[PDB]
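Chemist: this one's experimental. Sequence and coordinates below.
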Amino acid sequence: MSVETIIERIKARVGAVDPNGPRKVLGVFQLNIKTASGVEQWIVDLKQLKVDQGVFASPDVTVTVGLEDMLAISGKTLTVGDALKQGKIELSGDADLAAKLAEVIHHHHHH
């Protein structure tokens, strides 16, 4: 519905989320929204809680997903595991790093 409405949730969440929340990691990722008009690139940092638009000078990992997909996720409806099974989220670069994200699919006691 709007790429902007997707990142907005990320910035609003990051500024409220905790560092210990996610897995033990720290770096930067390169997100890309696949659209018929092209591809919306976005920069995200793990270390801190910030968000930037464009292509990082040298991101740790490059992920490419569709707009619709990001909608179900960012909209707080679908789960990372679901989108992964479908194949909407494409990986490229340091799969090892990107893997840390999918790991969240697990159901542990403490995050």
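Modeler: Received it, and whenever you're ready, just let me know what you need. Residues are numbered from 1 along each chain as shown.

Chemist: show me where the protein has helices.
Modeler: Taking DSSP state H as the test, the helices found in the chain are 3-14, 67-74, 80-86, 95-102.

Chemist: centroid residue for this structure?
Modeler: Compute the mean C-alpha point of the chain, and by CA atoms, centre = their mean the closest residue is residue 31, 6.4 Å away.

Chemist: and the gap between that one and residue 106?
Modeler: Remark: distance between residue 31 and residue 106 (CB to CB, to the nearest Å) = 22 Å. Yep, even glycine has a C-beta here, placed from its N, CA and C like the rest.

Chemist: what's the answer for residue 66, then?
Modeler: Distance, residue 66 to residue 106, using CB to CB: 24 Å.

Chemist: which one of the two has more residues nearby?
Modeler: Ranked by neighbour count (other CB atoms under 10 Å), residue 66 and residue 106 place residue 66 first, with 17 against 9.

Chemist: what bridges to the residue nearest to the more buried one when sequence neighbours are not counted?
Modeler: Spatially, and ignoring its direct neighbours in sequence, residue 66 is nearest to residue 34 (4.7 Å; CB to CB, 6 or more residues apart in numbering). Counting by DSSP bridges, residue 34 is bridged to residue 39, residue 66.

Chemist: pull the number of nearby residues for residue 34.
Modeler: Residue 34: 16 surrounding residues under other CB under 10 Å.

Chemist: cool, and residue 15?
Modeler: With other CB under 10 Å as criterion, residue 15 counts 10.

Chemist: now do it against residue 50, distance only.
Modeler: 9 Å.
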